[PDB]
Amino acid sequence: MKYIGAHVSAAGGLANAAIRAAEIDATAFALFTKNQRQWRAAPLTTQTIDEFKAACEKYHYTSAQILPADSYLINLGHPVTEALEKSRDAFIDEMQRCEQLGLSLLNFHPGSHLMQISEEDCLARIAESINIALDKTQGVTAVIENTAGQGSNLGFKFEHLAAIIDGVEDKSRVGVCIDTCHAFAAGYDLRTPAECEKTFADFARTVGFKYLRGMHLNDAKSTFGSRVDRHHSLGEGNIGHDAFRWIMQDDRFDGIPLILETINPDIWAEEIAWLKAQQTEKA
C-alpha cells in the first residue's frame, strides 16, 4: 500500500489540516504544528489536541500517514553556540508537540555551516542535536530530509545523511525523507527509469531503505545539478512525470507518507489522483 498526500495549510487550527487533506482525497498529509516563521507558539491544550486527534480519526489518518515538518528558522548544525542552543530548544519543542498530537515522525533539514565550520563538524553538531531531542522526548522519529545544497546547507549528498545517522545513539528513532526536487538539484538524476534506479541503488548502499520514513514528491523549476531549491507542479518542471510514475510502481516506497510540496495547490487533487493511477498503469 502507498499513502499519498500534500503539505496542507494548518491556517485556522491543526484539525483543519486533516480536513483539507480529506478534501483532496489524500491518504497522507504533512503540516507545520506551529507557525513556520516564528520561534515559539502557545502550548498545545487538551482541546486542540482532542480536535486534531478526532479529525485524524474521522478522516482515517494514523500517525504512520502523517509527516509534520519543523520551522524554517531551526539550524541544527549552527556554528554559533547561542544560535545552536536556540535551534536545539525549538527543535525539542517541535518534537514534544508531535508527541502530544500523537504523531510519530518529524521531518527537518540538517542545517548549515555558514562558512564558519567544516562539513564534518557541522554534521557532528546535527547528530548531537538529534541525540538531545531523542533523550528529551519519546515515540517521535527524527526524519532527516535531503537538500538541494543551496548556500552552506548540508544534506545534499546521501553520505551526509549516513554520517548524521552514524552519530545518532538511538537508531530506532532516526530516519530519512527523500525529496525528488532536492535530489535532482543536488545532482542525482531522475529523468529516466535507469537514472531513478541508479539514484536509489546508491541510496540503498549509502543510507539504506531501512531508514526511509517518507518522500517529498516535487518536480523541479530548477535544473539538474543547479543546487537551487525551486519546486514545480508534477510534469511541469525539469524532472517530468516519468520519475513519479517509476516511484509509484516501486514497492520500496510502500507504507510511508508520499508528500507533494508542489507549487499549485489548486491541482493537488489531480496530482494525487494521477499518482494513485500510476500503480495500475504500464511501466
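Each residue number is its position in the shown sequence, starting from 1.
Stretches 49-57 and 26-34 differ in mean C-alpha B factor, with the higher average recorded for 49-57. Averaged over their C-alpha atoms, the temperature factors of 253-261 and 40-48 are higher for 40-48. The PDB entry assigns its highest CA temperature factor, among 107, 146, 116, 150, to 116. The entry lists C-alpha B-factors for 213, 157, 173, 86, and the highest of these is at 86. Residue 283 sits in the highest third of its chain by CA B factor, as recorded in the PDB entry.
Annotation for residue 192: C-alpha temperature factor in the middle third relative to the rest of the modelled chain, per the entry. Placement of the Cα temperature factor of residue 218 within the chain: lowest third of the modelled residues, per the deposited record.
Ranked by C-alpha B-factor against the other modelled residues of its chain, residue 131 falls in the middle third. Remark: residue 208 belongs to the lowest third of its chain, ranked by C-alpha B-factor as recorded.
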